[PDB]
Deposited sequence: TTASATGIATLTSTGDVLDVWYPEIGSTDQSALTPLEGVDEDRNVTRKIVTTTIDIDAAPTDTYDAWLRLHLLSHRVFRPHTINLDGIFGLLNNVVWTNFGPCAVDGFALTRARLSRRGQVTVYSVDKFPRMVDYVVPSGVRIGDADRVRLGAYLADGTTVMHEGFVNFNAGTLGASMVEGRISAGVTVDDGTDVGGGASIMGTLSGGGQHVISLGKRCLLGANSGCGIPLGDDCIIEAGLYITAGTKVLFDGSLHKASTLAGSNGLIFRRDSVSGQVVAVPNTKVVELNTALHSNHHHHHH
C-alpha cells in the first residue's frame, strides 16, 4: 500500500533521526506542527516538519520510513504482520527518552548537565522503541503502566493492558482483550481472549478468540478459539501432552479449537481435554 503522512522529526547535528511524530495518518495539515519546529541547543537537536511516503510492502529504507510503519500499527491502520518491517532494527537509533524529549546516547552525560539548568532530568527508558502513548493513544483502550506498550503495538478497541501486561511492536490484540501478561513481538490474540497475570506468549504464534491463559501460564504454540491454559502451566512446543490416550509434543496440538490444557494428577502428565462448551 502507498502510505503517507506529515510529521515532525527530531534530528541530531549530524542528521541522525531520534524520532518522528505523525499526529495523523494521510494528512498534509501542519498547524499542529509549525509551532513545534525549532532548535534545542541543550539537546543539540533540531525539530523539523517532514512528509513521509512509503510502500508498505517494501522493506523500510531509512529511519523516517521505520517510524511511519510503527505509527501505522499503533494507529491501527495496519494489523500486525501486514506491513514489511525487515531491517527495522538497523534503522532505529538507540535514544534516551527523557522528560525533555528524545536525547542522543552519544554525549548524553553532557546533555544531562545542560538540561539540568532547566529542571530535574528524568530518564524514562533507553531504547530504539519509544513508549507508544507518547505518540498515539488509540481509542477505546486502557493501559495501566504505559511504559509497557511499545510504539508499533496494535491495541483494538475494548482492550485493557493491565500493569503486568506487556505488548511489543508488531503485536497485540485484534479485538477486546484483557492483557495482564506478555504479548511478544509478532504475537496476536483475537477478540475475547484474556491473558492472565504474568502469563507469557512466545513469538509464528497467535491465539484465536475467547482463549483464557491462567496467571503465570505460558503458551509457545499457536492456538485457535476457546482454549484454556491452566494457571502456572507452560505449554512449550516441546512439552509432552496426553491427548486421547497418547503423548504428543504440544506442537502436534497447535491450532486447536476448544482444548483445556491442565496438569493431571491421575496420569502424572500434562493433559489436553475438550472444553465443554
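Several segments of the deposited sequence have no coordinates for C-alpha: 204 to 211, 286 to 302, numbered from the first residue.
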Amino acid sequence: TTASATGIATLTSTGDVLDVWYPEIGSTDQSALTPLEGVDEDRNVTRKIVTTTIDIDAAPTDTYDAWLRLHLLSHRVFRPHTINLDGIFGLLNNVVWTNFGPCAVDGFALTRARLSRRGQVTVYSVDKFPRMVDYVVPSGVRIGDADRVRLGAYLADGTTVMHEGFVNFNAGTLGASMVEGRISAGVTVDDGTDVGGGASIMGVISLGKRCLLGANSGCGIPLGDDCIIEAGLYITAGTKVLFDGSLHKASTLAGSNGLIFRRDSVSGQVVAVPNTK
From here on, numbers count along this sequence of modelled residues.
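Relative to one another, 35 to 43 and 226 to 234 have unequal mean CA B-factors, and 35 to 43 is the one with the higher figure. As the entry records it, the average C-alpha temperature factor is higher for 107 to 115, out of 142 to 150 and 107 to 115. Sorting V195, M202, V161, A176 by the CA temperature factor given in the entry leaves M202 at the top. Ranked against the other modelled residues of its chain, the C-alpha B-factor of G101 as given in the entry falls in the middle third. The PDB entry assigns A58 a C-alpha temperature factor belonging to the highest third of its chain's modelled residues.
Looking at the C-alpha B-factors along this chain, the one for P130 belongs to the lowest third. Sort the chain's modelled residues by C-alpha temperature factor and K48 lands in the highest third, per the entry. When the modelled residues of the chain are ordered by their C-alpha B factor, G172 lands in the lowest third.
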